[PDB]
């Protein structure tokens, strides 16, 4: 399962921007000058995308198992050459009963609207790359994303993000900080 988790979060992802998605049923189809991708609506995403053509979407694609789940957002209304938000990321690791660390960095946000799919996947890749995630059993460790209004979103690192959450989106301007406890 840990193996499975690392295989999943090590997969490539594709960050598509400002294109059309065509909803037929519970599937949104995207076409690139490179790939056709079919994206499943499994959650509250089902309630916002219109049947037929939807313009000016972005989508965060991870091939499952060219099928991906969720990760669809409104594209940015304006070009933001500067970032949308700077977010303190705070990782805490206990390399034993004797030693604890905190890494404290800046996570830039470039999207007005971002999916949980994107946060979950990117943070986990980060954590794999720089903090040995999934070299050990994850147990109880969680990412937590906290907003300015105190609302929060939890990602449990012992399982994949729940498919019904992949299409949930938040306002990237209102993310306050991100905290992880390995």
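Numbering follows the first chain given and starts at 1.
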{"query": "Residue 52 coordinate gap across at least a third of other entries", "finding": "no"}
{"query": "Residue 43 unmodelled in at least a third of other compared entries", "finding": "no"}
{"query": "Chain break class for residue 65 to residue 66, judged by how many deposited residues have no coordinates", "finding": "4 to 9"}
{"query": "Given 97-105 and 67-75, the range whose Cα B-factors average higher in the PDB entry", "finding": "97-105"}
{"query": "Selected stretch [higher average CA B-factor]: 112-120 or 147-155", "finding": "147-155"}
{"query": "Member of 53, 29, 56, 141 with the greatest C-alpha B factor (per the PDB record)", "finding": "141"}
{"query": "Of the residues 40, 135, 131, 125, the one carrying the largest Cα B-factor as recorded", "finding": "135"}
